[PDB]
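A.B. asks: Pasting in a structure now, in structure tokens, and then I'll have a few things to ask.
Positions of Cβ are generated from backbone atoms using ideal geometry, with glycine treated the same way; all protein chains shown enter the neighbour counts. Numbers and lists here come from the model and the stated rules, or from a named source; nothing here is a laboratory result.
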Amino acid sequence: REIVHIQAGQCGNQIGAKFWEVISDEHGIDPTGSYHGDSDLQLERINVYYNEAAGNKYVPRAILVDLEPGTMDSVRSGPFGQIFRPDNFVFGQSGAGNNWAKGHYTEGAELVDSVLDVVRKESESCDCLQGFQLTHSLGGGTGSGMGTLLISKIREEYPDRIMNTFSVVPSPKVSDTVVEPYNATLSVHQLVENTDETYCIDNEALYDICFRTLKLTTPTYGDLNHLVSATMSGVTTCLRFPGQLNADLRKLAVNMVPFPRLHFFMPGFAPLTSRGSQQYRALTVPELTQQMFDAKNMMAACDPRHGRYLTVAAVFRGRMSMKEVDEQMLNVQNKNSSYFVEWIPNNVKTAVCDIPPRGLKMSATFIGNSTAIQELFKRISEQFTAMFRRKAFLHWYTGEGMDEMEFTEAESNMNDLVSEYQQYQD
Amino acid sequence: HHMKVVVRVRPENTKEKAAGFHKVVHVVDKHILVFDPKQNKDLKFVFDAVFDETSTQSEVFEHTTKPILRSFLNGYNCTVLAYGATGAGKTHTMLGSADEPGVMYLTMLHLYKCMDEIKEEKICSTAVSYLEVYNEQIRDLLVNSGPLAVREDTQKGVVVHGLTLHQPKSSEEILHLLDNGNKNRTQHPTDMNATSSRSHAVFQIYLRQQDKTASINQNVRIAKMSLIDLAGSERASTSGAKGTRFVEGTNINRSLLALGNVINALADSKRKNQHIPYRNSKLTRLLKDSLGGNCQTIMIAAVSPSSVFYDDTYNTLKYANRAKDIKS
Amino acid sequence: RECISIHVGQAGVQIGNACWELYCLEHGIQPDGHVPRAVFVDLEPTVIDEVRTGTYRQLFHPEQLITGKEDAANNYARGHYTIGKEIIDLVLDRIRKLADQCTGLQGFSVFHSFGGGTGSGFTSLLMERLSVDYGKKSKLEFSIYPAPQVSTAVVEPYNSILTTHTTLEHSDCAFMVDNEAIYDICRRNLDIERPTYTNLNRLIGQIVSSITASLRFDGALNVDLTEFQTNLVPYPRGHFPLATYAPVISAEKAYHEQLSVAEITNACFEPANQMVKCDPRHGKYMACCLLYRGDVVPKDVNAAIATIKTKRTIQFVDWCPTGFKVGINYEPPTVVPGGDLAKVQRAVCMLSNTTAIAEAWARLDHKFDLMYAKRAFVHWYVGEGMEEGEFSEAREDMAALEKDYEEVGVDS
Ligand SMILES: CC(=O)O[C@H]1C(=O)[C@@]2(C)[C@H]([C@H](OC(=O)c3ccccc3)[C@]3(O)C[C@H](OC(=O)[C@H](O)[C@@H](NC(=O)c4ccccc4)c4ccccc4)C(C)=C1C3(C)C)[C@]1(OC(C)=O)CO[C@@H]1C[C@@H]2O
Ligand SMILES: Nc1nc2c(ncn2[C@@H]2O[C@H](COP(=O)(O)OP(=O)(O)OP(=O)(O)O)[C@@H](O)[C@H]2O)c(=O)[nH]1
Ligand SMILES: Nc1nc2c(ncn2[C@@H]2O[C@H](COP(=O)(O)OP(=O)(O)O)[C@@H](O)[C@H]2O)c(=O)[nH]1
Ligand SMILES: [Mg+2]
Ligand SMILES: [Zn+2]
């Protein structure tokens, strides 16, 4: 089986450097070097993310899509930056203006065909394709506009292969951009109707989970991104390992989406202990489910305690009893029968790999499909209307060949998407 | 109000009569058919009306369509759904030749007189559309183009601003040529020559009523009547083709699932709220206004006495039964 | 004489590697000896690859190891229809190539895991295509039905109401082993809160050895495979007896081991020992095939059973005078060199049809309805070449299996 990652925009790119920083060590792949793998198992399944050319040069099979040179020119000029075949860099030296319309209709729309070209070179690689990983932020031009286009085209070329999306939904408290809900409401719109698995991450839900669950006082971006990239490795690549009960992107999809909207999840890692001290090793297993199922520790902004679950997928990866796993999940389902929805007798999807995250004993990725994410597309959809009412920075969109009905469309769609998610909270 | 459900059993052809297989459906009366087999469930099901084999094109048309004409005059949205397995009777009931005018031509002839009568009391104008639904794309039948961009009205309600319904009719002659183009236009798989399926498809009429004294302007009655020829589901096991036939059949079934979610939801929403997801498909979105409040609706389930129709009829009747059955 | 085996689904293959392990272990055939007599099917390569990488590697032909590199999918439809279709021909070809080579066989011991994708769906058609190509044989399917509360897959019931209805009209006798009610045996009757899947597989890997292995082996009271479905099924529904083992003692803790027949037989009817969460809550036994092995006097049995026939709190069915197939083998059991199984010099692998599964089926059927009542994960099967038909019409199927297992008992 196989996948082909996609680094849309700067954020989705910056994260690409962290996703591949990680995964490669989780696969013994040095910069241009080969498999140094401490074991022999980190190789029978690598194909999922790489290609055979030389015999030491397994190249990451991703795409780097960006209208801002300086970005991909920082990812390519730094650490692992020299592993991507140059053919992967689909740059757009144009003005990467912070407009969703500037990266979806006017400036991104040109660069697309020179992207789809390569997304096909990589899909027609070999063996069987599973799907595509997509990283980006819903708060910018090249992220939410151009990266949401890339998928609307991918989902027309292979409506069979899956589409995981890792979105950096606009964080509440402070927005790292101004038009944010514009770039966002317009991309979530495309997402609800093309990708079929989304993992929404919030730069501040991370800061919290990175400043209080890691006593880490100076959580640089490299860190947030690192934490995120730690989950997306426990999702995909992980289940492309053996296990007493393994799954794969489809099992995850076919157990986690009750209704075809696509639905968006909220990832959570297991052993999230500060370095020296907190190395408590209280990781028998009740400590991992203790972790993953708390409020805090959900990379989403919203708190699960604010809304039922439809599905859960504890994708464990570390030798453990199929009894103390399958058991714990139950008491968790009964202590919290309140929030877990009832018309699914077993919401939880236990998944169990064998090999754990390189240096750790036992971990478990959490992929929650809670109705609590209603209280985020609410947020976004609010910020929209409050400014859309006055057409705030709208001339930057229309003046790029847009429509007054296009913003209406997306808000209403993604605003209905809120409605639906409540139909199951009740 | 409620959606009306009817079933039509066709009559076995000669070839099947030679086989002389057991009859899977027995019609007791106008209201009720029995599902076989008889030496099973042996559950009797009561419909409102049964159409026999005997009914050609006069009887089928007049019964179902006539009460929708009254709701048509109201200018509330009316709709008719026609279903059928391959060889169900699909063409015969809906159409036939010019010789034996089925529902469509009798709506066209009778409702053409309806335009005459209505127009007299209030000036009326009518146009008609033939829209398709192939690979989840709307295609106008009269002109093939790219699918209409979808937008929504400000309140709500999905619209396709690819709305065309290319050419209106002054009389029967023009529409009759369009019907030739209709079958060709629908995208079908290269099926057996005997069978032909649409992708998914519909037909619409447009009512705009203005009193004679009233202008155009002033209050208008707006009705739409939609006549739907639903496609058939595919089976993976039966098909064996899969591939492009597979993808088209999955897309049909997804539109059918969304419609069925609305359908069962409609019965529940007799005690219902917004919950009914119109958004689930493009069909159900097109139908937002039409499945409708106190809209009039009818479902015509076509089936045959045929042996292959055994499975297909039983499945469709169970589902038709679910529309009458489903209560919380 | 022989009985092929078709281990389908990852789990049916993990159990398969285990039942297959216990075999050579009691036949003196180390890693590289003879040749197996079975096949392995999965739509996930990485699992059958564990039989191609791990232990028992070269004991198989790469020809009896079928894989579909494609996708497993925890959904019946896909694994039956859509995907699992492409492989079936090739699969059959082995159970027709391996079925020819032999000498007057008796059937195929199928191994599947009811609530899976490859284990539900695919086998549904595999057993399907068998009941037509060899309707003249035995079709004993050894299942691992859904844990009563500790299921895994979210959809499980969709997959297991669909494997039951499609296989029902095709099996001869369906053995059942419940994954959770085995863990109780690992907690209560062996003491370990560390039961790897590798252990439940040693345990079914044991009960199963009692079925084929030792019974197809000479003894003082041999019992062919046909003998089972004859002495075990009262009615044509592919009736599903339950597996039970007796000396499930721990090879470390307690040691009373020397537990003469009179004890090990009584230890079968206590509900806390039956690899099934179908505790005889009311379910009247209707036929039991007590397979013994080891040092057993036929009078010890024709007395240890007589005592039981008169316990009355064990209430057998009315229309059944005597429903006790005594099967005696010679060779004692053969425990793993250092797993956790005691190692006695006698055992009782009793299996039986009980009106008790009137429960287990009910509780698994009710599951299905709750989700089907909302369509839940339905769009996952419809988009895979299924219909409102195959669900609703396989629901009605098992409905007359709740009535069947009710009417054949509870009444006189
Ligand atoms: C001596 C020792 O045991 O050190 C541990 C350690 O102290 C702790 C604190 C690690 C440490 O992680 C962090 O401090 C951290 C920093 C930024 C963002 C997120 C986390 C560690 O850096 C991370 C590192 O993780 C791994 O090796 C995993 O394989 C992990 N790898 C990476 O994230 C990675 C980092 C740099 C370069 C390449 C990969 C992984 C996890 C999931 C999926 C794939 C890979 C581990 C166990 C440790 C150190 C080294 C201190 C912890 O994190 C992880 C992801 O394991 C933080 O809480 C856990 C508990 C660990 O015990
Ligand atoms: N006893 C036992 N039960 C197992 C084993 N492996 C899995 N199971 C059970 O069987 C079911 C799991 O089926 P899966 O592994 O998900 O699927 P599969 O049947 O192999 O086929 P796919 O869904 O297509 O992967 C669960 O109910 C598990 O508890 C095993 O080794 N032993
Ligand atoms: N976690 C995370 N967020 C980022 C990174 N870079 C930008 N972001 C977020 O992305 C949003 C800005 O969009 P940006 O990535 O600049 O858009 P683009 O570059 O024009 O496609 C803000 O909400 C930032 O917090 C990053 O490296 N990691
Ligand atoms: Mg499997
Ligand atoms: Zn002793």
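A.B. asks: Any residue in region B:269-281 that's of a type in the set (A, V, I, L, M): show its pairings with residues that are not in a loop (DSSP other than H, G, I, E, B) at Cβ separation under 6 Å, as long as the two are six or more apart or on different chains.
C.D. replies: B:276/B:262; B:276/B:265
A.B. asks: For region C:125-164, what are the residues that are crowded, with 24+ Cβ neighbours inside 10 Å and more than 27 Å from residue A:351 (Cβ to Cβ)?
C.D. replies: C:127, C:130, C:140
A.B. asks: When you scan region C:93-136, how many residues do you find that are of a type in the set (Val, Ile, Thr) and in contact with a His (Cβ under 7 Å, 6 or more places away or on another chain)?
C.D. replies: Step one: filter region C:93-136 for residues of a type in the set (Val, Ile, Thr), giving C:95, C:103, C:110, C:118, C:123, C:132.
Restricting the remaining residues to those that are in contact with a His (Cβ under 7 Å, 6 or more places away or on another chain) gives C:123.
Count: 1.
A.B. asks: Regarding residue A:251, is this residue within 16 Å of ligand 2 (Cβ to nearest atom) and either buried (at least 22 other Cβ atoms within 10 Å of the Cβ) or more than 16 Å from the chain's Cα centre (by Cα) (or both)? Write out each step before concluding.
C.D. replies: Working: within 16 Å of ligand 2 (Cβ to nearest atom): yes; either buried (at least 22 other Cβ atoms within 10 Å of the Cβ) or more than 16 Å from the chain's Cα centre (by Cα) (or both): yes.
In short, yes.
A.B. asks: Quick one: in region C:165-198, of everything that is in contact with a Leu (Cβ under 6 Å, 6 or more places away or on another chain) and more than 14 Å from chain A (Cβ to nearest Cβ), which residue is farthest from residue C:340 (Cα to Cα)? Show your work before the answer.
C.D. replies: Here is the first cut: in region C:165-198, the ones in contact with a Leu (Cβ under 6 Å, 6 or more places away or on another chain) are C:172-173, C:176, C:182.
Right, trim to more than 14 Å from chain A (Cβ to nearest Cβ) and you get C:172-173, C:176.
Details: C:172: 33, C:173: 30, C:176: 23 Å.
The residue in question is C:172.
A.B. asks: Select from region B:192-207 the residues that are surrounded by fewer than 21 Cβ atoms within 10 Å (Cβ to Cβ) and touching a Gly at 6+ places or on another chain (Cβ under 9 Å) and write down the one among them that is farthest from residue B:252 (Cα to Cα).
C.D. replies: If we filter region B:192-207 for residues that are surrounded by fewer than 21 Cβ atoms within 10 Å (Cβ to Cβ), which is where we start, we get B:192-196, B:204-206.
Those left that are additionally touching a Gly at 6+ places or on another chain (Cβ under 9 Å): B:194-195.
Working: B:194: 21, B:195: 17 Å.
For region B:192-207, the residue satisfying everything is B:194.
A.B. asks: Can you pull out the helices (runs of 4 or more DSSP H) entirely within region A:53-139 that have at least 3 residues that are among the charged types (D, E, K, R) and at negative phi? Don't jump to the end; show me each part of the working.
C.D. replies: Values: elements: A:69-75, A:108-111, A:113-123.
Of the helices (runs of 4 or more DSSP H) lying wholly inside region A:53-139, those with at least 3 residues that are among the charged types (D, E, K, R) and at negative phi span A:113-123.
Residue by residue, here is whether (1) in a strand (DSSP E or B); (2) more than 14 Å from chain C (Cβ to nearest Cβ); (3) more than 16 Å from ligand 4 (Cβ to nearest atom); (4) buried (at least 24 other Cβ atoms within 10 Å of the Cβ) holds:
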site: A:342; (1), (2), (3), (4): no, no, yes, no
site: A:352; (1), (2), (3), (4): yes, no, no, yes
site: A:361; (1), (2), (3), (4): no, yes, yes, no
site: A:364; (1), (2), (3), (4): yes, yes, yes, yes
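A.B. asks: Within region C:362-395, count every residue that is touching a helix residue (DSSP H, G or I) at 6+ places or on another chain (Cβ under 9 Å), assigned to a helix (DSSP H, G or I) and either among the charged types (D, E, K, R) or buried (at least 20 other Cβ atoms within 10 Å of the Cβ) (or both).
C.D. replies: The number of residues fulfilling the criteria is 19.
A.B. asks: In addition: For residue B:234, state whether it is among the acidic types (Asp, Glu), crowded, with 20+ Cβ neighbours inside 10 Å and not in a helix (DSSP H, G or I).
C.D. replies: Working: among the acidic types (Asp, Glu): yes; crowded, with 20+ Cβ neighbours inside 10 Å: yes; not in a helix (DSSP H, G or I): yes.
Yes, satisfied.
A.B. asks: Ok, one more. Output the residue which, of all residues in region B:237-250 that are more than 9 Å from chain C (Cβ to nearest Cβ) and in a helix (DSSP H, G or I), is nearest to the chain's Cα centre (by Cα).
C.D. replies: Restricting attention to region B:237-250, the residues satisfying the condition of being more than 9 Å from chain C (Cβ to nearest Cβ) are B:241, B:243-245, B:247-248.
From what is left, the residues that are in a helix (DSSP H, G or I) are B:244-245, B:247-248.
Working: B:244: 25, B:245: 23, B:247: 23, B:248: 19 Å.
Taking the candidates together, the pick is B:248.
A.B. asks: Residue check: is residue A:280 more than 30 Å from residue A:378 (Cβ to Cβ), of a type outside the set (D, E, K, R), surrounded by fewer than 22 Cβ atoms within 10 Å (Cβ to Cβ) and not assigned by CATH to the domain that holds residue A:379? If you could, list the steps in order and put the result at the bottom.
C.D. replies: Working: more than 30 Å from residue A:378 (Cβ to Cβ): yes; of a type outside the set (D, E, K, R): yes; surrounded by fewer than 22 Cβ atoms within 10 Å (Cβ to Cβ): yes; not assigned by CATH to the domain that holds residue A:379: yes.
Yes, satisfied.
A.B. asks: May I pose another question? Filtering region C:21-66 down to residues that are assigned to a strand (DSSP E or B) and in contact with a helix residue (DSSP H, G or I) (Cβ under 7 Å, 6 or more places away or on another chain), which residue is nearest to the other protein chains (Cβ to nearest Cβ)? Quick ask: steps written out before the conclusion?
C.D. replies: To start, the set of residues in region C:21-66 that are assigned to a strand (DSSP E or B) comprises C:38-42, C:65-66.
If we keep only those that are in contact with a helix residue (DSSP H, G or I) (Cβ under 7 Å, 6 or more places away or on another chain) as well, we get C:39-42, C:65-66.
Working: C:39: 21, C:40: 16, C:41: 17, C:42: 11, C:65: 16, C:66: 16 Å.
For region C:21-66, the residue satisfying everything is C:42.
A.B. asks: Still on this model: Name the residues in region C:43-52 that are out of contact with any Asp or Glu (no Cβ under 9 Å at 6 or more places or on another chain) and within 10 Å of ligand 2 (Cβ to nearest atom), would you? Steps first, please.
C.D. replies: The first filter runs over region C:43-52 and keeps only residues out of contact with any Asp or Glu (no Cβ under 9 Å at 6 or more places or on another chain), leaving C:47, C:50-52.
C:47 - this is the single residue of region C:43-52 that is out of contact with any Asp or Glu (no Cβ under 9 Å at 6 or more places or on another chain) and within 10 Å of ligand 2 (Cβ to nearest atom).
A.B. asks: Consider residue B:127 carefully, then state whether it is touching a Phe, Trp or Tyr at 6+ places or on another chain (Cβ under 7 Å) and part of a loop (DSSP other than H, G, I, E, B).
C.D. replies: On the way: touching a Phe, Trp or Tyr at 6+ places or on another chain (Cβ under 7 Å): yes; part of a loop (DSSP other than H, G, I, E, B): no.
Criteria not met by residue B:127.
A.B. asks: When you go through C:233, C:223, C:276, C:296 one by one, which is the residue that is within 16 Å of ligand 2 (Cβ to nearest atom) and under 30 Å from residue C:4 (Cα atoms)?
C.D. replies: Values: C:233 fails: within 16 Å of ligand 2 (Cβ to nearest atom); C:223 fails: within 16 Å of ligand 2 (Cβ to nearest atom); C:296 fails: within 16 Å of ligand 2 (Cβ to nearest atom).
Result of the check over C:233, C:223, C:276, C:296: C:276.
A.B. asks: Can I ask one more? Mind checking which residues of region B:264-278 are in contact with a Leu (Cβ under 8 Å, 6 or more places away or on another chain) and in a helix (DSSP H, G or I)? Give the derivation first.
C.D. replies: Going residue by residue through region B:264-278, those that are in contact with a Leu (Cβ under 8 Å, 6 or more places away or on another chain) are B:266, B:272, B:276, B:278.
Matches in region B:264-278: B:266 only.
A.B. asks: Under 6 Å by Cβ, and 6 or more places apart or on different chains, what pairs join a residue from region C:125-137 that is over 19 Å from residue C:164 (Cβ atoms) with one that is small (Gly, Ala, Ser) and not in a helix (DSSP H, G or I)?
C.D. replies: Final answer for the pair search is C:137/C:107.
A.B. asks: In this structure, does residue B:274 turn out to be more than 11 Å from chain C (Cβ to nearest Cβ), under 23 Å from residue B:155 (Cβ atoms) and among the polar types (S, T, N, Q)? Before you say what the answer is, go through the steps one by one.
C.D. replies: On the way: more than 11 Å from chain C (Cβ to nearest Cβ): yes; under 23 Å from residue B:155 (Cβ atoms): yes; among the polar types (S, T, N, Q): yes.
Judged against the criteria, residue B:274 is a match.
A.B. asks: I'm trying to understand the selection: among the residues of region B:169-196, which are over 20 Å from residue B:286 (Cβ atoms) and in a loop (DSSP other than H, G, I, E, B)?
C.D. replies: B:169, B:170, B:171, B:188, B:189, B:190, B:191, B:192, B:193, B:194, B:195, B:196, listed by residue number.
A.B. asks: Hey, any hits in region C:181-188 for a residue that's surrounded by fewer than 21 Cβ atoms within 10 Å (Cβ to Cβ), more than 17 Å from the chain's Cα centre (by Cα) and more than 30 Å from residue C:255 (Cβ to Cβ)?
C.D. replies: Checking region C:181-188: not a single residue is surrounded by fewer than 21 Cβ atoms within 10 Å (Cβ to Cβ), more than 17 Å from the chain's Cα centre (by Cα) and more than 30 Å from residue C:255 (Cβ to Cβ).
Residue-by-condition table, conditions (1) buried (at least 24 other Cβ atoms within 10 Å of the Cβ); (2) more than 9 Å from every other protein chain (Cβ to nearest Cβ); (3) away from ligand 4 (no atom under 16 Å from the Cβ); (4) assigned to a loop (DSSP other than H, G, I, E, B):
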{"site": "C:73", "(1), (2), (3), (4)": "yes, no, no, yes"}
{"site": "C:89", "(1), (2), (3), (4)": "no, yes, yes, no"}
{"site": "C:92", "(1), (2), (3), (4)": "no, yes, yes, no"}
{"site": "C:96", "(1), (2), (3), (4)": "no, yes, yes, no"}
{"site": "C:99", "(1), (2), (3), (4)": "no, yes, yes, no"}
{"site": "C:111", "(1), (2), (3), (4)": "yes, yes, no, no"}
{"site": "C:115", "(1), (2), (3), (4)": "yes, yes, no, yes"}
{"site": "C:123", "(1), (2), (3), (4)": "yes, yes, no, no"}
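A.B. asks: Do we have residue C:9 as touching a strand residue (DSSP E or B) at 6+ places or on another chain (Cβ under 7 Å), more than 14 Å from chain B (Cβ to nearest Cβ) and crowded, with 16+ Cβ neighbours inside 10 Å here? Let's see the steps before the verdict.
C.D. replies: Working: touching a strand residue (DSSP E or B) at 6+ places or on another chain (Cβ under 7 Å): yes; more than 14 Å from chain B (Cβ to nearest Cβ): yes; crowded, with 16+ Cβ neighbours inside 10 Å: yes.
Judged against the criteria, residue C:9 is a match.
A.B. asks: Further question: Within region B:67-88, is even one residue buried (at least 16 other Cβ atoms within 10 Å of the Cβ) and within 14 Å of another protein chain (Cβ to nearest Cβ)?
C.D. replies: Scanning region B:67-88 turns up at least one residue that is buried (at least 16 other Cβ atoms within 10 Å of the Cβ) and within 14 Å of another protein chain (Cβ to nearest Cβ).
A.B. asks: Which of the residues belonging to region C:255-280 are within 16 Å of ligand 5 (Cβ to nearest atom) and in a helix (DSSP H, G or I)? Show your work before the answer.
C.D. replies: Of region C:255-280, the ones within 16 Å of ligand 5 (Cβ to nearest atom) are C:255-264, C:267.
C:261, C:262, C:263, C:264, C:267 - these are the residues of region C:255-280 that are within 16 Å of ligand 5 (Cβ to nearest atom) and in a helix (DSSP H, G or I).
A.B. asks: Of C:85, C:69, which residue is in a helix (DSSP H, G or I) and within 16 Å of ligand 2 (Cβ to nearest atom)?
C.D. replies: Values: C:69 fails: in a helix (DSSP H, G or I).
Criteria check complete, one pass: C:85.
A.B. asks: Further question: Being among the aromatic types (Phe, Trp, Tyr) and touching an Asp or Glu at 6+ places or on another chain (Cβ under 9 Å) is the filter here; which residues of region C:197-239 pass it? Step through it out loud before you land on a result.
C.D. replies: Step one: of region C:197-239, the residues among the aromatic types (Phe, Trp, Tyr) are C:197, C:217, C:228, C:235.
Those that are among the aromatic types (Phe, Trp, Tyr) and touching an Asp or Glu at 6+ places or on another chain (Cβ under 9 Å): C:217, C:228, C:235.
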